[PDB]
Structures are given as structure tokens and as C-alpha cells.
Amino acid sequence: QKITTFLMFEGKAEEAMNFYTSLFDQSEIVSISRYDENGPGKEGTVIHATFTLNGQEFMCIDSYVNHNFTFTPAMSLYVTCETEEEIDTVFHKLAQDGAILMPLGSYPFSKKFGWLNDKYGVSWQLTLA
């Protein structure tokens, strides 16, 4: 994999990864290293982790620096789902304590599409193929 999408959290990487890998088939945590007692990040937070979503590798970290930005909808994860059941289930899960940008439903451009930010602020688009 030459280009890997890389998510920078500020304390929630591990929780987020555990959540994401539960949503899709063939998704697992590959590797994870966590800060010990002497930092520079807070103890137990992610130094670096690699995980797959449906076989595709993603990376994340917990930043040891607080930044003045976070995730925006300008770079989003576009998910193509095989079935109505899958899109309904994944959307509802990702929507929990999230923010809806376009509610899941029918649009001129799509039989079934939605757009949200999840509870971590990560932007997801979901469509039925």
C-alpha cells in the first residue's frame, strides 16, 4: 500500500479504532504501541497503530501535542455498501453522538446516501452500490 490514510486523534485513537474495526467485515487491529510513563504523550495513549477496514490499511495516532484543528468534512471516508441492511446498520452506528450532514435516504444522485461526522469528528459518506 503506497498511500495510507492517517488519522490523528488527541486521546481517542484506540477507542476509535476498536469502534471502526467493528463496523465492517475483514477489519482488525494489526499493530498498536502505547506511551509508557515517560511520554511525550499521556500514558496509555497511542504512539502509532495500524488497522484494516475491509482489508485496507489505515494508520492512527494520539497526538502528544494539542492542536488548534481537528477533523473536517474536507477529507472524508466514502463507503460503498453492498446491501440496504449494511448501509442502515453502519450509518446508525456512526451517527451515535455524531452530527448529520445529509440524512440517510434517497436523493436525485443516489437511491441511498448519507453523510455524517462520527462522535470523533471523522466525516463519513455512505452509499449503496
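Don't overthink the numbering: it's just position in the shown sequence, from 1.
- A summary of the deposited B-factors shows that, of 19-27 and 114-122, the stretch with the larger mean C-alpha value is 19-27.
- Relative to one another, 45-53 and 83-91 have unequal mean CA B-factors, and 83-91 is the one with the higher figure.
- Within the group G98, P40, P103, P73, the record's highest C-alpha temperature factor is found at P40.
- Remark: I3 belongs to the middle third of its chain, ranked by C-alpha B-factor as recorded.
- The entry lists a Cα temperature factor for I32 that places it in the middle third of the chain's modelled residues.
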